[PDB]
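Listed next as structure tokens is one chain, alone, in the form deposited in one PDB entry.
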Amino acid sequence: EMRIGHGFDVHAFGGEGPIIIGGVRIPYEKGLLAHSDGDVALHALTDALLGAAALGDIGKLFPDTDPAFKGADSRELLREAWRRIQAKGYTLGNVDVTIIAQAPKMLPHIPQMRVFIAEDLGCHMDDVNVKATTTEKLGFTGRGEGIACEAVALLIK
């Protein structure tokens, strides 16, 4: 018994760095603006896990509206989403995350991202894949306006 999910997120650059991606603080000349900490990777992953569980999305569980989630970081949101998915009967298959960013270079921070996600999800590191790619100077990411992320997940019952 297996179930698929998909997530996608974008955050627009603003302010100063560091930016936070997959739980890791990365030195960069500007920050990521958000109601939240702007962790596009953990947000997209959270939506994919919630999607596979038919529990909706991050905004559904954690409205900006609701003061209870004020100041929560993305790993806290991920762990809470995961607790609710697990109470629904699911366990982790695997996840795959694709960060879309012209800069900064992601791959030196990626090992650490994988450990944080694997810790947060109670899974083996081998169940977690993160990668990055540019859009070769094209689009809002290529122009350096923001960063995006796509993620997929497989849950088991």
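Numbers for residues come from their place in the sequence shown, where the first is 1. Take the two forms, find the largest set of C-alpha atoms that superpose within 1.5 Å, and that set is the rigid core.
**Q** Could you check the entry and say whether 139 to 147 or 21 to 29 has the higher mean CA B-factor?
**A** The entry gives the higher C-alpha B-factor average to 21 to 29.
**Q** Quick check on the record: does 39 to 47 or 84 to 92 carry the larger mean Cα temperature factor?
**A** Comparing averages over the C-alpha atoms only gives 84 to 92.
**Q** Between 128, 132, 53, 34, which one tops the list for Cα B-factor in this entry?
**A** Among 128, 132, 53, 34, the PDB entry lists the largest C-alpha B-factor for 34.
**Q** By the recorded C-alpha temperature factor, relative to the other modelled residues in its chain, which third is residue 6 in?
**A** Tercile = lowest for this residue's CA B-factor.
**Q** Check where residue 156 lands among this chain's C-alpha B-factors and tell me if it's the lowest, middle or highest third.
**A** Highest third, going by the recorded CA B-factors of the chain.
**Q** Rank-wise, by C-alpha B-factor, drop residue 112 into the lowest, middle or highest third of its chain.
**A** Ranked within chain, residue 112 CA B lands in the middle tercile.
**Q** How does the C-alpha B factor of residue 65 compare with the rest of the chain: lowest, middle or highest third?
**A** Highest third.
What comes next is about the form deposited in another entry, which is not displayed.
**Q** Choose, among 119, 29, 126, 64, the residue with a C-alpha displacement of 2 Å or more between this form and the one not shown when the rigid core is used for superposition.
**A** Result of the comparison: 64.
**Q** Since the Cα separation of residue 64 and residue 148 moves by 3 Å or more in the other entry, tell me which way: closer or farther than here.
**A** More distant in the other entry, by 3 Å or more.
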